[PDB]
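Read through the structure below, which is laid out as structure tokens, and then see the notes.
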Amino acid sequence: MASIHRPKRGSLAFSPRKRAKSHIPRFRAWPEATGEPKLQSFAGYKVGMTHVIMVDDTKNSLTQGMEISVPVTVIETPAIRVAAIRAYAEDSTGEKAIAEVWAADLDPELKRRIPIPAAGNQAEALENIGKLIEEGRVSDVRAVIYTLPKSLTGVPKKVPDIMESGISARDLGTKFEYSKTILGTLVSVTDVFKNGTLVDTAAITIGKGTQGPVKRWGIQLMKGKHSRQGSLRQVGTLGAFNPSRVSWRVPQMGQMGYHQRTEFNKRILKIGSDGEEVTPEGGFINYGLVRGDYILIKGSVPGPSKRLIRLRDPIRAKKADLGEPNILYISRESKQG
Amino acid sequence: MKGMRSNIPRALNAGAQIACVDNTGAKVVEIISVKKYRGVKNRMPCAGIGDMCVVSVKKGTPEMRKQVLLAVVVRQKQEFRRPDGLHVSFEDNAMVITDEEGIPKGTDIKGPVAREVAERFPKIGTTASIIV
Amino acid sequence: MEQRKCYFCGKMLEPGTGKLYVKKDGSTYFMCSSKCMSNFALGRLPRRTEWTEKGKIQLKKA
RNA sequence: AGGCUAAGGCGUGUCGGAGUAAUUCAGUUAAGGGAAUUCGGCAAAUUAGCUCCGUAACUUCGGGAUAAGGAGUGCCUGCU
RNA sequence: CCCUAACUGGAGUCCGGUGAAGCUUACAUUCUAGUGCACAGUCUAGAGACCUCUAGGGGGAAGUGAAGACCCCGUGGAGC
RNA sequence: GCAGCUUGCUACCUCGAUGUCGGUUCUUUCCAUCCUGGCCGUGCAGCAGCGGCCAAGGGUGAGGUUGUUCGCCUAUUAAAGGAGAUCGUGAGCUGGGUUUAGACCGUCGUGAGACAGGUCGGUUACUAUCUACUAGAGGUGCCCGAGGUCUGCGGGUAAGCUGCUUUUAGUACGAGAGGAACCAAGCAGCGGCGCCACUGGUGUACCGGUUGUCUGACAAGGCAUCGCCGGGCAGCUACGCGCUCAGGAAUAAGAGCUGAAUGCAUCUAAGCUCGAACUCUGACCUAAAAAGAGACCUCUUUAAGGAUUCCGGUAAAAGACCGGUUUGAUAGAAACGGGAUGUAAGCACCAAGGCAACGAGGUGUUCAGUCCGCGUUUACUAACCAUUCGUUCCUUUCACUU
Ligand SMILES: [Mg+2]
Ligand SMILES: [Mg+2]
Ligand SMILES: [Mg+2]
Ligand SMILES: [Zn+2]
């Protein structure tokens with residue numbers, strides 16, 4: 001047979017395409033530190049999309065300097081509380097949690113997620129982790145953070161989302177001392193990400209239910225006379241005669257959307273503190289208006305409105321320092337027109 | 001070729017007959033293939049604004065007719081967007097007859113021409129009077 | 001940021017929105033939305049439509 | 001004819017709730033391109049009533065012919 | 001058709017009532033190779049495999065329908 | 001000699017049927033590699049070839065004839081490789097050809113009739129039991145009881161692959177014409193993942209115009225595919241938009257260093273250094289049902305907490321999932337904001353005219369009227385009342401309460 005060649009329908013890189021096991025995206029890897037101590041991650045909630053007219057500053061671009069309209073995505077990012085400081089012991093098997101110390105003072109809203117840890121072993125847990133770091137059992141220190149969505153009116157929930165955010169420093173003693181400084185406090189997103197720097201956005205994408213193979217893998221609809229013979233949105237064949245089994249690589253129906261996905265090199269364009277700077281007339285559609293401090297991310301982001309978005313500094317950022325942007329116009333006209 | 005500044009959808013595909021709007025003598029030319037376009041399976045060769053195309057003259061003079069020439073499409077009804085966010089569209093499609101490198105065969109181009117093809121093929125820009 | 005006015009409704013084209021429709025004779029029309037472009041494509045006149053500012057202008061003439 | 005209503009016959013072309021996927025039977029619409037699909041324009045689409053103008057090859061002089069290609073058409077006022 | 005999308009009504013999905021039929025020696029959670037009447041879920045050697053349920057379209061069960069209608073044979077027929 | 005991918009030979013399996021060609025759809029495999037990557041030789045100046053070795057990660061397309069496979073032809077293209085999977089794939093499709101019954105042409109036959117000749121026409125049956133795969137759940141297994149955050153035994157990936165233009169540079173090379181590579185940049189083709197500010201489609205919510213008819217006329221409505229036509233918010237979606245790198249290690253062909261056998265020389269016999277789109281790490285998705293069945297912290301034992309009733313949507317086929325519950329803005333109403341359509345009915349005047357009655361229609365009240373599956377303010381109503389598990393269940397096999 002003179003074979004006609006087509007690339008495989010869909011990607012096997014994201015299988016098994018199942019429902020993600022949490023509403024919070026999780027980071028499997030963290031970038032190596034390149035400077036002063038700081039949290040490597042922040043968490044916000046996606047409000048919606050608008051567009052800005054920013055002067056182009058991207059070096060070597062065709063349209064450098066001239067006006068462009070960049071679709072941005074406003075993200076509502078209030079302060080987060082660094083709840084716990086957790087140290088890990090590395091061995092042949094892998095990293096293992098060796099000890100934790102929780103902050104003495106914590107928000108009352110945390111009870112809806114977990115029962116409130118008492119203000120007990122604060123100095124003694126810290127000295128135990130210090131001794132563990134001194135003897136050499138400790139390899140890395142991470143901070144536990146939660147959002148405080150009680151302020152946000154567009155997000156219906158008031159329970160925090162707890163997640164781990166690695167500290168970015170050089171020496172494990174340095175990481176421990178910075179974590180001691182920031183433990184139990186509220187750190188705004190300006191203390192993590194700077195204006196104009198790339199990040200990575202992870203979030204559980206928009207669930208689309210149990211979708212078919214034509215939408216799930218983009219397979220071909222039956223064409224011509226075959227379009228009306230009884231199988232239009234069905235895959236043509238599930239396998240050969242041998243091997244006598246359906247492969248896992250055949251397109252088929254199943255859970256589409258609501259997967260965890262990571263987007264690289266999502267630039268930050270603005271670090272705002274008043275929601276009236278970006279909230280359009282009539283508010284956002286199905287959200288409301290912005291009431292906290294926000295960040296404007298260039299381009300799209302996985303997930304719908306109100307979804308938790310995890311922001312970390314980039315892990316494969318090709319480009320150098322990009323500088324501050326020059327926004328000429330944040331388009332706050334109505335999204336409903 | 002050189003990257004334009006605006007995103008252009010590939011509206012026209014193979015078999016389309018487009019009003020050739022130069023004084024080359026060819027009136028209607030059918031798109032046979034598109035230079036610098038490797039396809040995929042079952043996909044017709046599509047050509048948006050600023051693409052060089054292999055065309056066969058369908059209507060025109062007796063000497064231009066039935067030839068296989070190189071043409072550049074200069075207008076399209078399928079709207080494209082400028083870098084500033086505005087979408088631009090034209091009342092009709094149109095292509096001019098050119099060479100491999102971009103030099104038109106004709107001397108004047110009737111009607112408007114998109115500014116992207118003027119910035120890519122500067123001879124097409126200079127030869128045409130009104131540019132949009 | 002050149003300021004653009006819709007040919008039909010008279011509304012000012014906001015940045016990053018709108019359309020630019022060009023005829024065969026080089027005439028250009030700025031359309032703020034699909035409604036104005038569709039009403040232009042039907043053959044309607046802005047002067048004979050009351051909701052546009054041209055129709056309001058003509059009605060307030062008398 | 002088809003559509004809308006009388007009279008007359010019926011709600012029995014004798015299973016119901018529910019509004020949440022894929023897929024399927026039958027339909028509506030689809031930008032730009034317009035047969036590139038296919039064995040093949042299969043299917044679908046186009047046109048369509050009436051009046052008037054005009055109507056080719058060829059022909060057994062009967063036809064082809066509604067050939068083709070075009071224009072008009074509503075409502076109101078007043079009349080012939 | 002490029003290249004599919006959205007929408008409508010009936011199915012399907014879920015729920016209440018009613019309610020059959022067809023395949024079936026047995027067991028059976030399989031996958032690879034060999035062997036075997038030379039095309040194995042059951043043999044041999046390995047590799048995997050917790051069980052049950054729902055939806056899905058049909059890879060396999062040389063799936064079911066059926067004493068092959070093609071070829072041959074019958075000291076079998078019929079029609080011409 | 002190999003392969004068994006062409007035709008043969010054979011008759012071992014199948015005639016109580018393994019649905020028979022070609023195409024289409026989708027997945028996979030081999031390398032004897034067409035392109036992409038790395039090398040070696042040249043009768044390799046460069047460009048471009050020619051021959052060979054390693055290499056299967058990706059790519060290998062669109063069209064005209066023909067039923068075709070094959071083959072020719074066209075213009076692109078990095079190239080438009082071949083072959084296997086029951087000549088992969090009819091409980092997937094198609095039915096063009098071959099292989100039924102009808103008929104015609106030619107040739108055979110006295111004839112019935114025949115042709116490995118042509119032509120026209122010619123029924124594609126099934127409610128999925130088991131298994132396999134794709135997704136979604138319920139249990140037990142592990143386990144102080146529960147919750148939360150993590151780790152990573154493993155599984156998967158192409159998550160990228162490849163061109164065009166500029167610079168290098170009209171430089172190296174070359175007598176000239178002609179004419180590269182390292183690094184860098186931009187854009188594009190295909191693929192992947194995600195999203196709805198913009199543009200487009202739909203939008204049988206909605207708004208308006210209008211045909212025929214019915215409800216007595218106006219007004220308001222029914223029906224005719226939403227009657228038809230025009231417009232369109234939200235939602236979904238592409239024809240729109242965002243992102244889509246390496247680096248490092250070990251290596252194949254190969255190129256070397258040290259070095260003997262063989263006093264020298266030798267890339268090999270030990271040893272060592274480089275060397276690919278391959279492999280591994282790195283990214284990314286998934287991953288305590290990892291039987292070595294995990295680590296840490298918090299809360300608390302008739303509790304911690306979970307589920308259901310209740311109001312919902314970031315989710316949803318059923319389950320599941322994610323929130324709120326009077327210390328509350330979770331859904332609805334009221335009002336306002338923001339939007340869709342296009343200026344409502346009634347009344348006043350004008351209206352081509354008609355002796356009059358009437359009069360399609362125009363203008364003002366009126367950017368009106370109608371409407372919003374969006375937001376804000378607001379507890380005005382409804383999120384109340386409970387309920388069950390965390391007790392084997394009775395027993396006084398008791399840690400009891402008549
Ligand atoms: Mg028999
Ligand atoms: Mg005998
Ligand atoms: Mg089959
Ligand atoms: Zn307008």
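Residue numbering restarts at 1 in every chain; chains get A, B, ... in the order shown in the structure tokens, and ligands count up from 1 in that same order.
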
### Message
Just want the 9 Å neighbourhood of residue D:20, counted on only C-alpha atoms (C1' of nucleotides), with same-chain residues fewer than 3 positions away dropped. Output as a ChimeraX atom specification.
### Response
/E:13-14 /F:316-317

### Task
May I have the residues of chain F within 10 Å of chain C, counting only C-alpha atoms (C1' of nucleotides), written as a list in words?
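Taking only C-alpha atoms (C1' of nucleotides) into account, residues 197, 198, 199, 200, 230, 231, 232, 342, 343, 363 and 367 of chain F sit within 10 Å of chain C.
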
### Task
Select the residues contacting ligand 4 at a distance of at most 8 Å, based on only C-alpha atoms (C1' of nucleotides) and all ligand atoms, then format the selection as number ranges by chain.
C: 5-13, 30-37

### Task
Pick out the residues no farther than 12 Å from ligand 1, counting only C-alpha atoms (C1' of nucleotides) and all ligand atoms, and list them as a PyMOL selection string.
(chain E and resi 66-69) or (chain F and resi 15-17)

Residues from the last selection, N, CA, C and O atoms (P, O5', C5', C4', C3', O3' and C1' of nucleotides), saved as a PDB file, in the first residue's frame:
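As written to disk, out01.pdb reads:
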ATOM      1  P     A E  66     -29.140 -19.798  11.564  1.00  0.00           P
ATOM      2  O5'   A E  66     -29.715 -20.127  10.117  1.00  0.00           O
ATOM      3  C5'   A E  66     -29.079 -19.617   8.951  1.00  0.00           C
ATOM      4  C4'   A E  66     -28.505 -20.699   8.068  1.00  0.00           C
ATOM      5  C3'   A E  66     -27.776 -21.832   8.790  1.00  0.00           C
ATOM      6  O3'   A E  66     -27.862 -23.036   8.026  1.00  0.00           O
ATOM      7  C1'   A E  66     -26.241 -20.656   7.447  1.00  0.00           C
ATOM      8  P     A E  67     -28.276 -24.433   8.711  1.00  0.00           P
ATOM      9  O5'   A E  67     -27.151 -25.441   8.226  1.00  0.00           O
ATOM     10  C5'   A E  67     -27.153 -25.960   6.905  1.00  0.00           C
ATOM     11  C4'   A E  67     -25.783 -26.438   6.513  1.00  0.00           C
ATOM     12  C3'   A E  67     -25.631 -26.883   5.063  1.00  0.00           C
ATOM     13  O3'   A E  67     -24.305 -26.580   4.640  1.00  0.00           O
ATOM     14  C1'   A E  67     -25.084 -28.668   6.473  1.00  0.00           C
ATOM     15  P     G E  68     -23.912 -26.505   3.089  1.00  0.00           P
ATOM     16  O5'   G E  68     -22.825 -25.348   3.045  1.00  0.00           O
ATOM     17  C5'   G E  68     -23.213 -23.983   2.993  1.00  0.00           C
ATOM     18  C4'   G E  68     -22.946 -23.345   1.648  1.00  0.00           C
ATOM     19  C3'   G E  68     -22.724 -24.290   0.463  1.00  0.00           C
ATOM     20  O3'   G E  68     -23.268 -23.709  -0.714  1.00  0.00           O
ATOM     21  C1'   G E  68     -20.863 -22.884   0.695  1.00  0.00           C
ATOM     22  P     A E  69     -23.758 -24.636  -1.927  1.00  0.00           P
ATOM     23  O5'   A E  69     -24.777 -23.699  -2.704  1.00  0.00           O
ATOM     24  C5'   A E  69     -25.048 -23.884  -4.086  1.00  0.00           C
ATOM     25  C4'   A E  69     -24.794 -22.618  -4.855  1.00  0.00           C
ATOM     26  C3'   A E  69     -23.327 -22.211  -4.952  1.00  0.00           C
ATOM     27  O3'   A E  69     -23.092 -21.586  -6.212  1.00  0.00           O
ATOM     28  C1'   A E  69     -24.542 -20.507  -3.868  1.00  0.00           C
TER      29        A E  69
ATOM     30  P     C F  15     -14.381 -27.108   7.019  1.00  0.00           P
ATOM     31  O5'   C F  15     -15.031 -26.760   5.608  1.00  0.00           O
ATOM     32  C5'   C F  15     -16.049 -25.778   5.502  1.00  0.00           C
ATOM     33  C4'   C F  15     -16.647 -25.720   4.118  1.00  0.00           C
ATOM     34  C3'   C F  15     -17.480 -26.912   3.677  1.00  0.00           C
ATOM     35  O3'   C F  15     -18.814 -26.797   4.130  1.00  0.00           O
ATOM     36  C1'   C F  15     -16.106 -26.070   1.890  1.00  0.00           C
ATOM     37  P     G F  16     -19.462 -27.884   5.109  1.00  0.00           P
ATOM     38  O5'   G F  16     -20.829 -27.202   5.539  1.00  0.00           O
ATOM     39  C5'   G F  16     -20.858 -25.888   6.070  1.00  0.00           C
ATOM     40  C4'   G F  16     -21.752 -25.832   7.283  1.00  0.00           C
ATOM     41  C3'   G F  16     -21.069 -25.543   8.615  1.00  0.00           C
ATOM     42  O3'   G F  16     -21.063 -24.148   8.872  1.00  0.00           O
ATOM     43  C1'   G F  16     -22.565 -27.415   8.800  1.00  0.00           C
ATOM     44  P     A F  17     -19.726 -23.357   9.273  1.00  0.00           P
ATOM     45  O5'   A F  17     -18.841 -23.365   7.951  1.00  0.00           O
ATOM     46  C5'   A F  17     -19.254 -22.657   6.786  1.00  0.00           C
ATOM     47  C4'   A F  17     -18.110 -21.923   6.139  1.00  0.00           C
ATOM     48  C3'   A F  17     -17.686 -20.634   6.833  1.00  0.00           C
ATOM     49  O3'   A F  17     -16.293 -20.424   6.619  1.00  0.00           O
ATOM     50  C1'   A F  17     -18.410 -20.136   4.653  1.00  0.00           C
TER      51        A F  17
END

### Task
Could you list, as a PyMOL selection string, the residues of chain A having an atom within 10 Å of chain D when counting only C-alpha atoms (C1' of nucleotides)?
chain A and resi 208-213+223-225+227-228+230-234+252-255

Please report as CSV every residue of chain A lying within 10 Å of chain B, along with the nearest atom pair and their distance in Å (one decimal), using only C-alpha atoms.
residue,atom,partner,partner_atom,distance
A:4,CA,B:41,CA,7.4
A:5,CA,B:41,CA,7.0
A:6,CA,B:41,CA,5.8
A:7,CA,B:40,CA,8.6
A:51,CA,B:85,CA,9.3
A:52,CA,B:85,CA,9.8
A:53,CA,B:84,CA,7.4
A:54,CA,B:84,CA,9.3
A:55,CA,B:84,CA,9.9
A:61,CA,B:5,CA,9.3
A:62,CA,B:5,CA,6.2
A:63,CA,B:5,CA,6.3
A:66,CA,B:84,CA,8.4
A:67,CA,B:84,CA,5.7
A:68,CA,B:84,CA,4.1
A:69,CA,B:84,CA,5.0
A:70,CA,B:85,CA,8.1
A:71,CA,B:85,CA,9.4

Go ahead and dump the residues you just picked, N, CA, C and O atoms, as an mmCIF file, in the first residue's frame.
data_model
loop_
_atom_site.group_PDB
_atom_site.id
_atom_site.type_symbol
_atom_site.label_atom_id
_atom_site.label_comp_id
_atom_site.auth_asym_id
_atom_site.auth_seq_id
_atom_site.Cartn_x
_atom_site.Cartn_y
_atom_site.Cartn_z
ATOM 1 N N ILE A 4 -0.197 7.001 2.752
ATOM 2 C CA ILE A 4 -0.260 8.432 3.006
ATOM 3 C C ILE A 4 0.019 8.640 4.484
ATOM 4 O O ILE A 4 -0.567 7.961 5.333
ATOM 5 N N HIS A 5 0.921 9.558 4.798
ATOM 6 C CA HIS A 5 1.378 9.739 6.165
ATOM 7 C C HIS A 5 0.761 10.991 6.769
ATOM 8 O O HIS A 5 0.775 12.061 6.154
ATOM 9 N N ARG A 6 0.205 10.838 7.964
ATOM 10 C CA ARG A 6 -0.360 11.893 8.777
ATOM 11 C C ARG A 6 0.243 11.777 10.169
ATOM 12 O O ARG A 6 0.475 10.661 10.647
ATOM 13 N N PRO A 7 0.540 12.896 10.825
ATOM 14 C CA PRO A 7 0.951 12.833 12.228
ATOM 15 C C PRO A 7 -0.164 12.267 13.091
ATOM 16 O O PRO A 7 -1.339 12.307 12.724
ATOM 17 N N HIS A 51 -7.428 43.669 27.192
ATOM 18 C CA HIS A 51 -6.287 43.935 26.335
ATOM 19 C C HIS A 51 -5.708 45.295 26.678
ATOM 20 O O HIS A 51 -6.424 46.206 27.095
ATOM 21 N N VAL A 52 -4.399 45.418 26.497
ATOM 22 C CA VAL A 52 -3.687 46.664 26.717
ATOM 23 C C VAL A 52 -3.099 47.116 25.394
ATOM 24 O O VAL A 52 -2.864 46.321 24.484
ATOM 25 N N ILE A 53 -2.872 48.420 25.291
ATOM 26 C CA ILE A 53 -2.084 48.967 24.199
ATOM 27 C C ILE A 53 -0.742 49.380 24.776
ATOM 28 O O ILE A 53 -0.582 50.504 25.260
ATOM 29 N N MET A 54 0.227 48.474 24.738
ATOM 30 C CA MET A 54 1.544 48.717 25.299
ATOM 31 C C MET A 54 2.542 48.953 24.178
ATOM 32 O O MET A 54 2.471 48.313 23.125
ATOM 33 N N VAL A 55 3.457 49.891 24.407
ATOM 34 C CA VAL A 55 4.569 50.097 23.492
ATOM 35 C C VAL A 55 5.444 48.855 23.498
ATOM 36 O O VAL A 55 5.808 48.341 24.563
ATOM 37 N N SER A 61 12.210 42.177 17.859
ATOM 38 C CA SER A 61 10.904 41.959 17.263
ATOM 39 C C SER A 61 10.711 42.863 16.050
ATOM 40 O O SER A 61 11.338 43.916 15.916
ATOM 41 N N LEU A 62 9.837 42.419 15.144
ATOM 42 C CA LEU A 62 9.539 43.202 13.951
ATOM 43 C C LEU A 62 8.852 44.511 14.304
ATOM 44 O O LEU A 62 9.131 45.550 13.697
ATOM 45 N N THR A 63 7.948 44.478 15.276
ATOM 46 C CA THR A 63 7.141 45.633 15.654
ATOM 47 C C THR A 63 7.640 46.277 16.935
ATOM 48 O O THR A 63 6.842 46.695 17.775
ATOM 49 N N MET A 66 6.662 50.290 18.186
ATOM 50 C CA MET A 66 5.355 50.726 17.733
ATOM 51 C C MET A 66 4.260 50.176 18.645
ATOM 52 O O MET A 66 4.475 49.272 19.455
ATOM 53 N N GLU A 67 3.071 50.756 18.511
ATOM 54 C CA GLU A 67 1.936 50.362 19.330
ATOM 55 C C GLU A 67 1.466 48.961 18.972
ATOM 56 O O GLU A 67 1.414 48.583 17.799
ATOM 57 N N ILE A 68 1.116 48.188 19.997
ATOM 58 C CA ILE A 68 0.522 46.874 19.820
ATOM 59 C C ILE A 68 -0.601 46.717 20.832
ATOM 60 O O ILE A 68 -0.673 47.434 21.831
ATOM 61 N N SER A 69 -1.489 45.769 20.554
ATOM 62 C CA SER A 69 -2.583 45.415 21.450
ATOM 63 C C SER A 69 -2.353 43.987 21.913
ATOM 64 O O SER A 69 -2.531 43.042 21.140
ATOM 65 N N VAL A 70 -1.958 43.831 23.167
ATOM 66 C CA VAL A 70 -1.574 42.539 23.725
ATOM 67 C C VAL A 70 -2.721 42.033 24.590
ATOM 68 O O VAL A 70 -3.083 42.704 25.566
ATOM 69 N N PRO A 71 -3.321 40.885 24.276
ATOM 70 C CA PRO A 71 -4.339 40.308 25.164
ATOM 71 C C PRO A 71 -3.724 39.892 26.490
ATOM 72 O O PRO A 71 -2.887 38.992 26.544
#

Each residue of chain B with at least one atom at most 12 Å from chain C should appear once, together with its nearest atom pair and the corresponding distance in Å (one decimal); atoms considered: only C-alpha atoms; ordering: chain, then increasing residue number; output as CSV.
residue,atom,partner,partner_atom,distance
B:19,CA,C:24,CA,11.7
B:21,CA,C:24,CA,10.7
B:75,CA,C:24,CA,9.7
B:76,CA,C:22,CA,10.3
B:77,CA,C:21,CA,9.3
B:78,CA,C:21,CA,10.8
B:79,CA,C:19,CA,8.5
B:80,CA,C:19,CA,9.4
B:81,CA,C:19,CA,8.6
B:82,CA,C:16,CA,9.3
B:83,CA,C:16,CA,8.9
B:84,CA,C:16,CA,5.9
B:85,CA,C:16,CA,3.9
B:86,CA,C:17,CA,5.6
B:87,CA,C:19,CA,4.6
B:88,CA,C:20,CA,4.6
B:89,CA,C:21,CA,5.1
B:90,CA,C:22,CA,4.7
B:91,CA,C:23,CA,4.9
B:92,CA,C:24,CA,7.0
B:93,CA,C:24,CA,9.6
B:94,CA,C:24,CA,10.1
B:109,CA,C:25,CA,11.8
B:110,CA,C:25,CA,8.6
B:111,CA,C:25,CA,5.5
B:112,CA,C:26,CA,5.3
B:113,CA,C:26,CA,8.7
B:114,CA,C:22,CA,9.8
B:128,CA,C:26,CA,11.4
B:129,CA,C:26,CA,9.7
B:130,CA,C:26,CA,6.4
B:131,CA,C:26,CA,7.8
B:132,CA,C:26,CA,7.5

### Near-ligand residues for ligand 3, threshold 10 Å, only C-alpha atoms (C1' of nucleotides) and all ligand atoms, as an MDAnalysis selection string
(chainID A and resid 237:241) or (chainID E and resid 58:60) or (chainID F and resid 89:92)

Using the selection just defined, write its residues with C-alpha atoms (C1' of nucleotides) as a PDB file, in the first residue's frame.
ATOM      1  CA  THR A 237     -10.818   1.798  13.051  1.00  0.00           C
ATOM      2  CA  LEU A 238      -9.777   0.753  16.545  1.00  0.00           C
ATOM      3  CA  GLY A 239      -6.996  -1.615  15.475  1.00  0.00           C
ATOM      4  CA  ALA A 240      -5.700  -4.142  12.993  1.00  0.00           C
ATOM      5  CA  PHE A 241      -6.517  -7.845  12.942  1.00  0.00           C
TER       6      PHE A 241
ATOM      7  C1'   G E  58     -16.146  -1.899  17.970  1.00  0.00           C
ATOM      8  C1'   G E  59      -9.493  -4.263  18.114  1.00  0.00           C
ATOM      9  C1'   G E  60      -9.941  -9.983  19.287  1.00  0.00           C
TER      10        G E  60
ATOM     11  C1'   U F  89      -8.459  -2.388   8.957  1.00  0.00           C
ATOM     12  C1'   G F  90     -16.739  -4.208   5.559  1.00  0.00           C
ATOM     13  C1'   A F  91     -20.110  -6.693  13.958  1.00  0.00           C
ATOM     14  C1'   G F  92     -15.818   0.858  10.716  1.00  0.00           C
TER      15        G F  92
END

### Query
When DSSP works through the backbone of this structure, what residues of stretch 128-215 of chain A end up as helix (DSSP H, G or I), shown as a ChimeraX atom specification?
/A:128-135,172-182,189-191,213-215

C-alpha atoms of the current selection, written as a PDB file, in the first residue's frame:
ATOM      1  CA  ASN A 128      15.066  21.177  66.201  1.00  0.00           C
ATOM      2  CA  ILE A 129      15.104  22.067  62.499  1.00  0.00           C
ATOM      3  CA  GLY A 130      18.244  24.117  63.120  1.00  0.00           C
ATOM      4  CA  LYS A 131      19.978  21.132  64.710  1.00  0.00           C
ATOM      5  CA  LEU A 132      18.839  18.920  61.818  1.00  0.00           C
ATOM      6  CA  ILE A 133      20.261  21.404  59.314  1.00  0.00           C
ATOM      7  CA  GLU A 134      23.478  21.609  61.345  1.00  0.00           C
ATOM      8  CA  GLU A 135      24.145  17.871  61.549  1.00  0.00           C
ATOM      9  CA  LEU A 172      20.497  25.855  53.167  1.00  0.00           C
ATOM     10  CA  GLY A 173      21.319  27.911  56.251  1.00  0.00           C
ATOM     11  CA  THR A 174      20.460  31.016  54.226  1.00  0.00           C
ATOM     12  CA  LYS A 175      17.182  29.426  53.110  1.00  0.00           C
ATOM     13  CA  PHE A 176      16.390  28.484  56.706  1.00  0.00           C
ATOM     14  CA  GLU A 177      17.064  31.981  58.024  1.00  0.00           C
ATOM     15  CA  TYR A 178      14.981  33.642  55.301  1.00  0.00           C
ATOM     16  CA  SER A 179      12.161  31.182  56.000  1.00  0.00           C
ATOM     17  CA  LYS A 180      12.463  32.092  59.679  1.00  0.00           C
ATOM     18  CA  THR A 181      12.055  35.744  58.704  1.00  0.00           C
ATOM     19  CA  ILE A 182       8.977  35.159  56.520  1.00  0.00           C
ATOM     20  CA  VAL A 189       3.023  39.257  45.172  1.00  0.00           C
ATOM     21  CA  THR A 190       5.355  42.231  44.676  1.00  0.00           C
ATOM     22  CA  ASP A 191       7.781  40.484  47.056  1.00  0.00           C
ATOM     23  CA  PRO A 213     -12.619  11.634  19.954  1.00  0.00           C
ATOM     24  CA  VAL A 214     -13.185  14.323  17.310  1.00  0.00           C
ATOM     25  CA  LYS A 215     -12.990  17.014  19.984  1.00  0.00           C
TER      26      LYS A 215
END

### Task
Could you report the residues within 10 Å of ligand 2, using only C-alpha atoms (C1' of nucleotides) and all ligand atoms, as a list in words?
residues 73, 74 and 75 of chain E

Please write the residues from the selection above to a file, keeping C-alpha atoms (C1' of nucleotides), as a PDB file, in the first residue's frame.
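After the write, selection25.pdb holds the following:
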ATOM      1  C1'   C E  73     -16.857 -35.647  -6.485  1.00  0.00           C
ATOM      2  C1'   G E  74     -21.888 -38.613  -6.923  1.00  0.00           C
ATOM      3  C1'   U E  75     -22.110 -45.049 -12.273  1.00  0.00           C
TER       4        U E  75
END

### Message
So that I can see what lies close to residue F:379, please list as a list in words the residues with an atom at most 10 Å from it, counting only C-alpha atoms (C1' of nucleotides) and leaving out residues fewer than 3 positions away in the same chain.
### Response
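Residues meeting the cut-off are residues 326, 328 and 329 of chain F.
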
Those same residues, written as a PDB file, in the first residue's frame with N, CA and C atoms (P, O5', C5', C4', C3', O3' and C1' of nucleotides)?
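Generated output (selection-v6.pdb):
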ATOM      1  P     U F 326     -24.586  30.069  59.215  1.00  0.00           P
ATOM      2  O5'   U F 326     -24.993  31.444  59.904  1.00  0.00           O
ATOM      3  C5'   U F 326     -24.442  32.678  59.454  1.00  0.00           C
ATOM      4  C4'   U F 326     -25.380  33.835  59.696  1.00  0.00           C
ATOM      5  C3'   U F 326     -26.051  33.854  61.069  1.00  0.00           C
ATOM      6  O3'   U F 326     -26.244  35.201  61.494  1.00  0.00           O
ATOM      7  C1'   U F 326     -27.700  33.782  59.400  1.00  0.00           C
ATOM      8  P     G F 328     -20.901  37.383  58.764  1.00  0.00           P
ATOM      9  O5'   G F 328     -21.730  36.239  58.030  1.00  0.00           O
ATOM     10  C5'   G F 328     -21.110  35.059  57.538  1.00  0.00           C
ATOM     11  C4'   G F 328     -21.748  34.619  56.246  1.00  0.00           C
ATOM     12  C3'   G F 328     -21.760  35.661  55.136  1.00  0.00           C
ATOM     13  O3'   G F 328     -20.560  35.655  54.384  1.00  0.00           O
ATOM     14  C1'   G F 328     -23.929  34.743  55.394  1.00  0.00           C
ATOM     15  P     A F 329     -20.232  36.847  53.366  1.00  0.00           P
ATOM     16  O5'   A F 329     -21.290  36.649  52.200  1.00  0.00           O
ATOM     17  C5'   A F 329     -21.047  37.162  50.897  1.00  0.00           C
ATOM     18  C4'   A F 329     -22.138  36.752  49.943  1.00  0.00           C
ATOM     19  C3'   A F 329     -22.011  37.308  48.529  1.00  0.00           C
ATOM     20  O3'   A F 329     -22.453  36.338  47.586  1.00  0.00           O
ATOM     21  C1'   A F 329     -24.052  38.027  49.488  1.00  0.00           C
TER      22        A F 329
END
